[PDB]
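Below are two forms of the same protein chain, given as structure tokens: structure 1, then structure 2.
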Structure 1
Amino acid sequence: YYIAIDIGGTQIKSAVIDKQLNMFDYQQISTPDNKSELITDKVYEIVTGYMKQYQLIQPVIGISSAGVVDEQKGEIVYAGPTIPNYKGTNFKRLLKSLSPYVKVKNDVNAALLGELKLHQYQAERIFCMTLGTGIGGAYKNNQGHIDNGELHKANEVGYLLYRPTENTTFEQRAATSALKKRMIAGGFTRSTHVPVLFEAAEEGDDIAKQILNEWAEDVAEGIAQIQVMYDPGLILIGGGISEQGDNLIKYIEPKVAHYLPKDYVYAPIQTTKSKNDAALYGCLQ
């Protein structure tokens, strides 16, 4: 049995996984604020809880986490403000008395590797962008490798497209909290729950549609820059919002052409086929 743990700003998910990739004992808790209740403390108790439940000695532990991960060190070496005080968090050191077999990866690295372990694709070059609390990226290159860059922060695509006159990055315009502000800013008051926004647009609510289009325009703009850099065979959209599937793609994919030359052929854009668990599988790779 392997222990998998996926750390986001909103939730920590975890599971025990066996050799055949079967998931047991899936758990999902609210992420501690990391001020008075610490993420490391919760991760440690998640691990010890599985070790106690299953009488595990030195379990192989995979950690997927938001933030820039130095994978060799097992450490958060750079972190946006979604998780405060997160830089310097070293999960290998944290867990060393429980196990010497700890891997740590960025959450999008894990999502992509998990997606690719569960689903085959023809494309040789696959970029994954997650839309959720944050926006993150990972790129599986031609030779099968996911490179994290010289300082491990490659594909932090949330930092794309900083607009000086608006003081926003890509992530500050397209992340869940930004979309929720756009909803209330755009007069959508039925709810503040993103799925309801999509449901309203599907049943022909013009305010839901205008908010979604204006948001998908900014999302498409970010995808276009990834496209231009990488020219990938495939762009996967993951994260919580990926549950919309084609109802999400239909807003974003046509708009990518707005930021590309008229004759420029860009990669197909699809949601991840595994919606929730991709990172739990990927963090063991």
Structure 2
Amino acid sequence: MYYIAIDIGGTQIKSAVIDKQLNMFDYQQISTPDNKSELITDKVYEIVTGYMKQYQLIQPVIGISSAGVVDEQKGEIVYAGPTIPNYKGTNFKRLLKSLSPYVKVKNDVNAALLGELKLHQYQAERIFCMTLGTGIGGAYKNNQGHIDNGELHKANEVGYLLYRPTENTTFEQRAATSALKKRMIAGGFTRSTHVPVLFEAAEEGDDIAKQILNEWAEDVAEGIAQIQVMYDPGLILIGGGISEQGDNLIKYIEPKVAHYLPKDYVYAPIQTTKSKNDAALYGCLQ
């Protein structure tokens, strides 16, 4: 059986066909429209009809992963930031009703975690994933196997942790990847915008790069400590583009989590996600 997977992001819409054996075919990736003159829902419908034509599918199972706050049972966007305008109220089940009655919708961090966990073997039972990007997302897979999305579909909006009144910043406004980029630029990293150059510069011993990274990692670690004492997970995953840095990201963050926890507190191992691109495409089918 062939499955259609679509992952709707702020900047990109990824899609692919997956078979019963999890082989991935016809991976496609386009720019997310402005959702004003050209509609996200039109792109989604074009992708589904495209694959249905190409694979001669009738009533395909379709999985949709999307940014924003998602009501999974309704298959509807409950809320979206102004990043994606006019997005609230978008109902993918209604949109594709003429093509298939088998449409599943998930928010993007939940789908990514479901995919990460389907494709990998982990020792821990309870796994929290924090995704660093424009903002910070969170998802938790619990002792009994499930991801709870909250009473109002707002579980684990961890970017909103640790509001500092004097500075008027949230966790994600200090600790997202976008915040690290702003801190680099203000620190004189002006020729390359790219976050990996900061890590390479630090690896070579450049003190200013190390100081920017450690100060930011300190703010990241503060957020992780809050998640630690609530969830007591067996493993904490860090995802998002910056997670391609692997242990070079972890070594800055992991030792500093201790700074916000009681003396000798044993906290969970911290690692980067392993599947970097496809995770939500697999997860949105689960």
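Rigid core: the largest C-alpha set superposing within 1.5 Å between the two forms. Residue indices: 1-based, along structure 1.
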Checklist outcome for this item: Superposing on the rigid core between structure 1 and structure 2, the only one of 85, 143, 72, 192 with a Cα displacement of 2 Å or more is 85
Next on the checklist: Given a core-based superposition, decide whether the C-alpha of residue 33 shifts by 2 Å or more between structure 1 and structure 2.
Outcome noted: yes
Next on the checklist: Quick check: residue 250 between structure 1 and structure 2 - does its CA shift reach 2 Å or more after fitting the rigid core?
Outcome noted: no
Checklist entry - By how many angstrom is the CA atom of residue 262 displaced between structure 1 and structure 2 after fitting on the core? => result 1.6
Checklist entry - Cα of residue 52: shift between structure 1 and structure 2 in Å, core-fitted? => result 2.8
Item to check | Shift in Å of the C-alpha at residue 158 between structure 1 and structure 2 after core superposition | outcome: 1.0
